[PDB]
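Below is one structure, written out as structure tokens; comments come after it.
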Number of protein chains: 4
Amino acid sequence: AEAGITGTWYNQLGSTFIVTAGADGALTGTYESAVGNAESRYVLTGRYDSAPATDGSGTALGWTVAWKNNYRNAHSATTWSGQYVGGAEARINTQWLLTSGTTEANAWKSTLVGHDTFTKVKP
Amino acid sequence: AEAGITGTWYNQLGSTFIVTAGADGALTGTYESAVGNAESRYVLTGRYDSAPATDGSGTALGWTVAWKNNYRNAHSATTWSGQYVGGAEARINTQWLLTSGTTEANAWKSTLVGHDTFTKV
Amino acid sequence: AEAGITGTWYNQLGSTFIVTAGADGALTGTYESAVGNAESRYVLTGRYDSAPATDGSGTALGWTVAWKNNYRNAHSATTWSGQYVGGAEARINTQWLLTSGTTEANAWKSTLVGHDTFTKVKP
Amino acid sequence: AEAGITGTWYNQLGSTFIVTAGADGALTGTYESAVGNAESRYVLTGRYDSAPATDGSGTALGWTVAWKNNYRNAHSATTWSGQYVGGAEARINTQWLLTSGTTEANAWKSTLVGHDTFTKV
């Protein structure tokens, strides 16, 4: 359900994700990062399964933030890939990749991997 | 650098990636997969660095495809994260994560990782 | 410290890791998996930093289990890569890759990624 | 399949991997990196499937190197997970995770991911 995804979410490090889920499967919003070379809000775009399986299956989704806004440019982009699990503790569990632009010779150290869990506060 | 990202790209397995790079960092287009539970095109959306560095560095980008269109629904989504390297032979070098919607019991086996290289040939 | 790593550990799904850290940087022991096509114990081998930085830095380590013992063969191998953090709640936080042997055409779906946290019980 | 893993291998960047595959699943040998805060050889240890499938499947394997030897200590460890494909041109296709020991504050930026392909040339 788009509505269940729409809202304000925060992860374990204190970053803020504001998102709207559109009926066509689109995700749009802003990301505020608690860590890294970042300040203020960044534009996010993603896609989610707008017709998930009933069961107790999660809803698969993903989004990207490129770390450039009008105040700073970190020359990197993070994608989060995971699933939304709806309940009375609604969570988005993800794994992420962070790639920095590098020269050809430093490209072996361009991509960080980690995982983030998001807890919903507001719609 | 910048606008050379717009175009039709192909990865090592024959999947086709058709993208438009907007001036302010948006990536929009369609993807058609050569593998998996997919048929025809799927919508993608992403972001890229619209003011990259001026030393020899690549352009950082990323995009997502949710594998649902009017024909099929695999209940999964892939994100690709990587960089664009322009030149006489431009390439987009990426690593990707494919997450399927699972029950909580099967959540440990929900995410595949791999890598794709796209060129204009 | 090798001693601090040596012991019995369990992760969030109920798998058991028994390990000895050798003074040359070697890790040897057995793994018992709570999930997957697995039964009874499997041999593990790894390496760790036997001279870590003092600070409050973790100790980097990694190990491999190939999922074949005398009772079952899953034709796969998992590597865990992470760090040991010593404290009165001693933890090993890892990220893992699980690769299955596949044909050339199915090789795009050969590798799973996830993360595991281990809590120490015994030496 | 099986014993063809023993040998000297090289990846795309010139790193050299010298391995012995034991009969019961052990991998033992040395690694010398072409990149990073490393010099000379480092000990590796791993495991592989000693009875793989008989259909067209690769041999699953994995190994770890902690980047400390008598010369240097990078306080990090890499694990490679992948499969061996034998034939006229054998290859080991892998993906890897490099974790550095960090403080708790920097734990989000502790792990790099990439991919390496090893051949006997």
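Annotations
- Considering the stretch C:73-91, and only residues there that are surrounded by fewer than 24 Cβ atoms within 10 Å (Cβ to Cβ) and among the hydrophobic types (A, V, I, L, M, F, W, C), the residue that is farthest from the chain's Cα centre (by Cα) turns out to be C:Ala88.
- Being surrounded by 14 or more Cβ atoms within 10 Å (Cβ to Cβ) and in contact with a helix residue (DSSP H, G or I) (Cβ under 7 Å, 6 or more places away or on another chain) is a description that does not apply to B:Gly46.
- Some residue of the stretch A:37-58 being at the interface with another protein chain (Cβ under 7 Å from one of its Cβ atoms) and under 30 Å from D:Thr78 (Cβ atoms): no
- Restricting attention to the stretch A:100-123 and to residues that are among the hydroxyl-bearing types (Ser, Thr, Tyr) and within 26 Å of A:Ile5 (Cα to Cα), the residue that is farthest from the other protein chains (Cβ to nearest Cβ) turns out to be A:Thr119.
- Within the stretch C:101-112, the set of residues being buried (at least 22 other Cβ atoms within 10 Å of the Cβ) and under 19 Å from the mean Cα position of the chain (by Cα) comprises C:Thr111 only.
- Hey, A:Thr64 in contact with a strand residue (DSSP E or B) (Cβ under 6 Å, 6 or more places away or on another chain) and either closer than 23 Å to C:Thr94 by Cβ or surrounded by fewer than 21 Cβ atoms within 10 Å (Cβ to Cβ) (or both) or not: no
- Listing of strands (runs of 3 or more DSSP E) fully contained in the stretch D:1-109 that carry 2 or more residues being facing chain C (nearest Cβ under 7 Å): D:42-48, D:59-68, D:73-85, D:91-100
- The lone criterion from (1) without any contact (Cβ under 8 Å) to a residue 12 or more places away in the chain; (2) closer than 30 Å to B:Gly14 by Cβ; (3) in contact with a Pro (Cβ under 9 Å, 6 or more places away or on another chain); (4) not aromatic (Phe, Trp, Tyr) left unmet by C:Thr103 is number (3).
- Residues of the stretch D:101-117 classified as more than 20 Å from A:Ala105 (Cβ to Cβ) and within 17 Å of the chain's Cα centre (by Cα), total: 1
- Count - residues of the stretch A:1-29 that are outside any strand (DSSP E or B) and either among the polar types (S, T, N, Q) or under 18 Å from A:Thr78 (Cα atoms) (or both): 5
Read-outs: derived from the displayed coordinates by stated rules, not from any lab. Please note: Cβ atoms are built from the backbone with ideal geometry, for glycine as well, and neighbour counts cover all protein chains shown.
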